[PDB]
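To start, the structure itself, in structure tokens.
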Amino acid sequence: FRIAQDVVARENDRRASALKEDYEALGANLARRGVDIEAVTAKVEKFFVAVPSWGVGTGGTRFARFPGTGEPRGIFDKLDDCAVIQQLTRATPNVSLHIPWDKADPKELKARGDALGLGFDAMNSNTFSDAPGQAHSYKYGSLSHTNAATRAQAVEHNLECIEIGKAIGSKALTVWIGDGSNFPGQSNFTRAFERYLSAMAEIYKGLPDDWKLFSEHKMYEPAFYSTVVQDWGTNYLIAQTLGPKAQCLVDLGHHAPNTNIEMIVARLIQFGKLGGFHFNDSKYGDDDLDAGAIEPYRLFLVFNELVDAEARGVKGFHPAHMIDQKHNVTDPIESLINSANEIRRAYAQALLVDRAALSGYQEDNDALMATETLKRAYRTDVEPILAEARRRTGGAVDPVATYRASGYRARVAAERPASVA
Amino acid sequence: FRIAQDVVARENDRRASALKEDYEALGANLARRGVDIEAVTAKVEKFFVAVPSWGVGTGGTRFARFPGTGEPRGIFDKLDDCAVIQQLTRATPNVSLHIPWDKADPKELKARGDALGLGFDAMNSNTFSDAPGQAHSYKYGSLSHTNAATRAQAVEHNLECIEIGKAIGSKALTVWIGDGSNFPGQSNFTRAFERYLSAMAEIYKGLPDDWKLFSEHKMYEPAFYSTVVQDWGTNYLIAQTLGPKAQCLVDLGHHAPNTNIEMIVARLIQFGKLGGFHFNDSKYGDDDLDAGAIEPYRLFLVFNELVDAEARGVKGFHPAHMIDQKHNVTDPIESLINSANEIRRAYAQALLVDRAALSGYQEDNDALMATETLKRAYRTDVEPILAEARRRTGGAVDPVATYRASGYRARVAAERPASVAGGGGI
Amino acid sequence: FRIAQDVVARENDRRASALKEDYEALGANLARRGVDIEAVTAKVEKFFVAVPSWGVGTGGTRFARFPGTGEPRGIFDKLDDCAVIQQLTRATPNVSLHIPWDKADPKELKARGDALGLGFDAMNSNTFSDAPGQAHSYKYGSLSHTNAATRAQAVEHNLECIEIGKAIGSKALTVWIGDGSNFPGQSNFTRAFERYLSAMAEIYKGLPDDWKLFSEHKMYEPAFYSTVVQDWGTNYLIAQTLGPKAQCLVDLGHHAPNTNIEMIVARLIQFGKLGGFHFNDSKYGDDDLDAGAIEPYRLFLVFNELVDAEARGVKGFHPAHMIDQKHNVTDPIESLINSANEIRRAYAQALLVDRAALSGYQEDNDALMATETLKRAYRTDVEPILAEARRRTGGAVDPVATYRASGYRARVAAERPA
Amino acid sequence: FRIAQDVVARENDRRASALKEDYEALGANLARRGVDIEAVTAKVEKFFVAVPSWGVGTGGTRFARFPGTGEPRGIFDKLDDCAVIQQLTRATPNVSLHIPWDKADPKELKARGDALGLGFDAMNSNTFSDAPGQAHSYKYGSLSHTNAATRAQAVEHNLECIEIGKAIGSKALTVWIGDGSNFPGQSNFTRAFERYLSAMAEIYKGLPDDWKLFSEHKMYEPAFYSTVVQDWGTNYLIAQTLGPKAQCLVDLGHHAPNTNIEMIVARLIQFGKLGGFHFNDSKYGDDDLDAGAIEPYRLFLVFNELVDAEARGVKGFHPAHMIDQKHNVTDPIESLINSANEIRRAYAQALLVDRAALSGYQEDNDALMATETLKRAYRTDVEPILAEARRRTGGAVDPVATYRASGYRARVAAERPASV
Ligand SMILES: O=C(CO)[C@H](O)[C@H](O)[C@H](O)CO
Ligand SMILES: O=C(CO)[C@H](O)[C@H](O)[C@H](O)CO
Ligand SMILES: O=C(CO)[C@H](O)[C@H](O)[C@H](O)CO
Ligand SMILES: O=C(CO)[C@H](O)[C@H](O)[C@H](O)CO
Ligand SMILES: [Mn+2]
Ligand SMILES: [Mn+2]
Ligand SMILES: [Mn+2]
Ligand SMILES: [Mn+2]
Ligand SMILES: [Mn+2]
Ligand SMILES: [Mn+2]
Ligand SMILES: [Mn+2]
Ligand SMILES: [Mn+2]
């Protein structure tokens with residue numbers, strides 16, 4: 001136990017009275033609305049979202065990085081920190097690894113994971129930066145590079161990621177690359193995309209029978225004029241071209257200003273290509289902020305589409321849920337804790353939507369009552385449900401408060417050497 | 001001839017000397033660059049783009065409409081005005097009709113067109129507004145409306161557009177609808193799209209063997225929260241689902257801020273679904289401004305993708321080019337003239353790109369020289385080519401100047417009723 | 001009483017038990033948080049926002065207008081419909097008039113208002129469209145038009161709006177114009193702005209000393225290349241140049257994509273030029289949608305700045321609140337009702353913010369707890385407070401439910417055949 | 001000379017015949033339009049834009065940095081490379097320094113600049129990153145940080161930048177900070193701005209009589225929710241509050257999507273607060289791409305406002321021009337060369353605008369001819385003018401071509417060891 005059980009117990013007991021009052025009051029309100037609070041809590045306690053290993057350490061911008069104390073030394077330290085998030089929120093049992101950042105003996109990774117009660121989600125390849133000893137640089141691209149030898153090198157890297165994933169329990173590979181151009185004319189749009197498709201076809205051939213291959217689109221950054229996998233349209237073309245094992249991953253902050261993201265989610269689901277999500281929030285670009293910290297309603301609307309899929313009886317729909325955030329001005333552990341909480345919050349609210357009533361309002365084109373039906377769910381403070389879900393599963397009623405009371409950050413700050421070069 | 005031939009001749013002779021000097025200088029410059037100016041002019045002379053019948057009348061916004069003098073009374077006046085654009089620019093031989101706005105006897109329409117030297121491009125259906133005597137309102141949608149009878153009415157309307165088109169020589173139907181929602185929850189995104197696909201399938205069944213069905217995406221307006229055919233991704237799904245006769249139409253001002261539109265064009269070409277274009281310019285939303293008046297380089301970049309495809313000869317590839325603009329503060333005829341000119345300008349510059357050099361710089365990842373290779377073409381003032389193309393094909397060296405010298409606007413102002421200012425409405 | 005009192009009473013009694021349960025539950029929760037629910041309800045009951053006369057009728061786009069049944073046929077019908085919004089929500093006692101759309105005998109307008117329990121907020125001038133008999137067209141502008149006679153005509157129109165307002169109790173003039181250009185070069189940015197400033201100075205000269213002059217910025221539409229009063233920066237320059245009675249009006253949907261609007265609010269307050277607001281919501285452009293229907297948190301953050309101004313001790317700050325929306329696919333009355341409700345919702349939530357705790361986290365740079373402090377207020381379902389506030393002041397526990405139960409729309413549909 | 005004169009001469013001679021033909025042809029075309037090409041060349045040769053010391057090295061993103069060969073390490077190597085840009089384009093005689101990146105003995109810096117034929121433009125302070133041994137971190141801000149000692153440290157740093165500038169010939173200090181918040185509530189907008197204004201007032205007090213203080217606004221990045229100096233509105237409030245020595249700096253890529261930037265320029269000019277520019281191009285955010293590589297017309301429209309201000313003799317008009325770009329996938333020197341070229345290109349085209357005709361069309365509300373009047377100027381290929389201006393003043397007819405023929409990159413690659 002990364003966090004002493006007596007601390008979790010003490011903090012839960014300190015807040016037990018208030019939780020009881022709030023949960024029971026909410027339960028009565030929901031009952032009057034025809035909703036069984038117990039049914040909602042039972043589903044919420046089962047909702048999981050993968051934590052990014054790269055989000056456990058402090059992030060930075062192209063301008064600067066301002067590390068905090070106790071920054072993780074490597075993947076093992078990162079797993080230890082992820083274990084804290086899982087213990088307290090009980091919503092993050094799986095971790096997303098990024099290669100080569102987290103490269104290590106697969107057996108050892110698996111051993112540490114099992115010891116901490118953690119599993120592993122989709123693997124993430126990295127051909128948007130150069131590792132030492134590469135025969136070819138990814139400066140001008142990777143899977144879509146004009147040089148065949150460079151593309152082959154990128155393909156082999158992705159295959160290595162699959163090998164590592166197979167050994168640790170992963171069942172998918174997420175491919176996000178920076179491939180694109182910064183100047184008009186620099187790249188032939190079609191040829192670059194064709195090169196990418198050929199390279200991905202090779203990676204696809206290396207997928208086990210029960211694995212999925214996720215391609216992640218992004219409008220811009222690092223490329224500032226054009227990006228090969230720039231949007232969901234191109235992403236759909238990728239998934240459809242590659243095969244049934246290939247699907248699309250939607251990262252919330254990767255869309256053009258004002259884009260209706262929840263519709264994109266609906267479209268991909270309709271055509272069976274919604275592989276998963278990379279949750280985060282943003283206001284300007286790919287800000288990678290704590291989920292729901294900027295636009296909580298949008299997060300709810302995305303989950304409204306996810307829950308509607310279940311309501312429409314979509315078969316074989318098991319999208320992967322993952323947090324993809326960077327924490328530049330907060331304790332990464334605290335931000336991941338509250339972000340996972342916010343994701344469960346939006347999910348819980350989506351479960352509250354009276355879809356029988358909503359369907360009627362949609363049929364009759366009663367736009368006002370239709371939107372009010374979504375709002376009645378969204379306006380509901382489901383914090384008591386999230387807190388109770390944590391209580392019953394060994395978590396903390398107030399995760400961040402318990403984390404702070406444990407003195408964990410100071411502890412690891414004394415065990416981990418800060419970077420000096 | 002809408003414009004007296006002696007006026008066209010007089011205004012051309014007045015500018016012939018300067019044109020000769022500019023054309024010969026550009027010719028020498030292009031020769032030093034290994035380019036034969038005659039080959040470029042020959043292609044420019046053959047580049048055509050359709051003009052919208054609804055574009056020759058003054059447009060407006062939801063706040064007001066400020067009509068000018070000599071506004072067209074109906075489709076016959078509109079065709080007469082479009083004839084001026086074609087006579088002077090020689091780049092707009094075909095007109096795009098919108099139903100029911102341009103409803104009229106098909107035989108009479110065909111007759112006026114043939115007499116004016118105009119043909120007809122894609123028909124445009126209208127299920128984004130209610131017409132008098134209409135049984136079902138399109139307030140909450142049309143092809144994707146929840147009410148079966150309303151969807152059926154919309155389908156029948158589109159089939160009627162096909163029938164009118166068949167009678168006048170049209171070979172395509174462009175479908176743009178406002179269908180969408182203004183509030184979260186109002187529409188079920190998936191069910192609405194399913195209804196749309198089913199309705200379009202019925203329209204597709206009524207398409208002649210040599211016809212095309214174009215669906216046009218738009219991010220927003222009139223719907224302000226969600227739109228059924230919101231972007232090119234959804235548009236691709238539509239075209240792929242319907243069949244080989246269904247393709248996507250790209251309207252420049254219908255994309256999210258900062259979208260790389262030229263890439264969308266390339267992607268659609270790659271997958272054989274680029275049906276055509278709706279040219280215009282914009283800075284904020286679907287502004288429908290004169291093509292190239294705001295971002296001329298973007299227009300060139302779009303044409304760079306078109307010419308690349310036209311270069312490696314993607315056989316059969318014949319996208320339907322059309323101007324889709326609204327003119328709220330200028331003489332519509334003058335704006336359409338200069339807009340058509342700007343479209344030919346971008347095309348001409350794209351033709352100047354050294355494709356071999358560009359390919360070399362792309363393969364070598366010489367980003368700077370690759371971009372400079374495009375700029376060397378774009379920086380070239382091709383006006384002499386555009387002017388000479390017009391001069392030798394019956395047009396005017398300086399179209400707007402000749403239009404003004406003819407006094408055409410004052411002429412039609414005296415032949416048509418005066419207009420009154422009003423509220424919103426296109 | 002547009003809505004029968006027995007209907008209001010009936011529908012309130014039907015929901016009285018549930019409200020009592022929810023209100024008491026919330027009261028207990030707030031007490032544990034050191035907040036007295038009664039103090040919040042008292043303030044919510046006094047928060048008012050003006051309703052736009054041009055918003056009670058169905059709106060439309062440049063593509064089409066789809067009227068519903070019982071459409072108001074003029075300003076008098078519009079006042080009758082506005083009376084319904086006020087009676088049920090008790091949050092919209094004042095109506096904003098637009099001239100010449102609402103031209104009618106000022107004396108009669110006032111008489112109708114008094115009879116309906118409605119007052120009048122800021123007057124709105126219209127030099128973005130042409131009226132019959134107008135000597136000069138506003139096609140190429142109004143207050144900033146290159147033609148002196150056209151500018152003078154626009155100034156005179158604004159002065160006429162002031163005279164109408166003085167007769168009905170209005171104390172402010174809001175000026176929003178479409179002036180701008182659709183093409184580079186069409187206008188000389190500086191000269192057009194100089195003309196605008198000179199014309200506005202003439203309006204200011206004729207502004208009563210008990211009135212305020214509000215200028216409203218807008219990034220684009222109807223002008224699609226440049227707009228004279230395009231943003232808050234230009235707006236500030238205008239207000240500062242004209243004088244102390246001139247201030248800036250912030251319409252939520254009039255900003256560039258991703259703009260931090262709440263910061264603009266804070267800036268104008270700091271420099272004493274925040275005249276008021278035009279509430280609405282949007283996702284793409286100036287969509288004019290129901291307030292809070294798209295981005296409810298943003299609305300809360302705007303109110304967080306308004307409440308902080310009070311907490312900071314800002315003096316002489318009494319911004320004019322107005323709803324500026326168009327309703328194209330809903331019953332205008334229902335939309336205005338729920339929009340007024342949403343505005344009070346955001347206000348109530350802003351009042352729940354623990355200012356002392358927030359200040360502490362801000363000074364200590366505890367970003368996570370600072371943001372969580374705002375969320376603790378925002379996540380609170382204040383509907384019971386809004387409902388009780390309405391019940392206590394003569395309104396309805398569930399406004400739209402009561403509205404539908406009354407059959408008012410069907411009633412006016414029958415009274416206003418089309 | 002960084003580039004051998006015989007190479008410059010040789011590469012000019014091999015392109016002289018074509019230039020002669022193009023310049024004479026453009027001269028005739030302009031003559032038919034009532035314009036004296038020599039008059040345009042005279043103005044173009046006097047247009048200068050400062051090159052950023054931090055621009056000659058290869059840039060990167062938060063994801064990675066892919067250095068090229070012969071990367072300049074330190075201000076001395078950087079000045080050597082900036083010297084090449086000036087020698088070949090003759091449009092960048094001054095360099096913008098950034099402290100502490102370019103820290104070096106002032107006397108030595110000035111001596112090096114003088115020897116290379118380079119001057120120094122506005123100094124740039126850096127309180128958006130932490131330097132080793134720093135007592136207080138700028139993680140949560142600098143000039144507007146909540147902690148007094150931190151603000152004091154930031155103020156002192158800026159005063160140090162002024163001292164360095166005074167020693168080398170600079171006459172201005174540009175202040176761009178990342179100060180802001182990533183979460184609603186994290187900062188109190190007003191209090192943060194008050195702190196910023198008070199701190200800047202202290203910096204203002206340290207300005208020599210003939211110095212200017214430039215504040216640079218930016219919508220976002222590094223702050224992703226709010227930024228203290230977020231737009232030109234706040235920037236204007238800053239300048240007006242601080243005093244006559246304080247003006248606003250407009251960086252093209254620092255505005256919200258679809259913003260009409262040229263109007264912002266016009267507004268600042270009208271109120272005498274246009275301190276200067278940071279030229280670059282962009283398509284999505286603050287991309288820092290080569291000027292004019294994405295939207296050349298927008299660049300021309302900005303220059304149209306600059307030339308109009310001059311035409312009407314606007315009082316107090318004298319903006320400082322600077323390039324602020326990052327080069328991630330090109331040779332930095334080549335990009336700066338062509339960027340400086342694009343800036344002079346837009347300027348030259350703006351000079352071609354028939355101001356009398358334009359004024360007439362504006363007064364008569366002839367929108368179509370007004371816009372065509374701008375287009376007639378913009379459509380003109382002024383490359384011959386730019387090239388001839390360079391040829392007559394010691395520069396290269398085709399700068400990048402001469403640069404590549406010189407083998408300069410390979411030369412410094414041999415003199416400067418790469419990481420690998
Ligand atoms: O979102 C992404 C890049 O912006 C990808 O998912 C990356 O792999 C991830 O963020 C780590 O950099
Ligand atoms: O672009 C469109 C609507 O914005 C469609 O093409 C219309 O049919 C056309 O613009 C006429 O309104
Ligand atoms: O917002 C506005 C125009 O976009 C102004 O407030 C108008 O006067 C109002 O909306 C009525 O059109
Ligand atoms: O533009 C800026 C930051 O985005 C400032 O001018 C910086 O000081 C400059 O770019 C160096 O990073
Ligand atoms: Mn991601
Ligand atoms: Mn990302
Ligand atoms: Mn169109
Ligand atoms: Mn359109
Ligand atoms: Mn408004
Ligand atoms: Mn508005
Ligand atoms: Mn800058
Ligand atoms: Mn910058």
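By convention in this document, chain letters (A, B, ...) are assigned in the order of the sequence lines, proteins followed by strands, and residues within each chain are numbered from 1. All heavy atoms count here, side chains included; hydrogens, waters and symmetry mates do not.
- Note on A/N182, A/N126, A/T330: by heavy-atom pairs under 4.5 Å with chain D, the leading option is A/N182.
- Contact annotation for D/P132: neither backbone nor side-chain heavy atoms come within less than 4.5 Å of a heavy atom of chain A.
- For chain A, the nearby parts of D/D286 are the backbone and the side chain; heavy atoms of each come within less than 4.5 Å.
- Residues A/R62 and D/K326 share a closest heavy-atom pair of NH1-CG, 4.0 Å.
- Contact annotation for A/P222: both backbone and side-chain heavy atoms come within less than 4.5 Å of a heavy atom of chain D.
- Minimum heavy-atom separation, A/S129 to D/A64: CB-CB, 3.8 Å.
- For D/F63, the parts sitting under 4.5 Å from any heavy atom of chain A are the backbone and the side chain alike.
- Note that OH of A/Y225 and CG of D/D281 are 11.5 Å apart. Values are rounded to the nearest 0.5 Å.
- The aromatic rings of D/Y220 and A/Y284 sit parallel to each other, their planes meeting at less than 30°, with 60° as the upper class boundary.
- For CZ of A/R409, the number of neighbouring non-hydrogen atoms (other residues, nucleotides, ligands) closer than 6.0 Å is greater than 12.
- Within the 4.5 angstrom heavy-atom criterion, only side-chain atoms of D/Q186, from C-beta onward, approach chain A.
- When each of D/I294, D/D290, D/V420 is checked for heavy-atom pairs under 4.5 Å with chain A, D/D290 comes out on top.
- Counting only heavy atoms from C-beta outward, the side chains of A/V329 and D/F183 approach each other to under 4.5 Å.
- For D/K139 (side chain) and A/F66 (main-chain N/O), a donor-acceptor pair under 3.5 Å exists by modelled atom type.
- The minimum heavy-atom distance between D/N328 and A/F224, with the atom names listed, is ND2-CE1, 4.1 Å.
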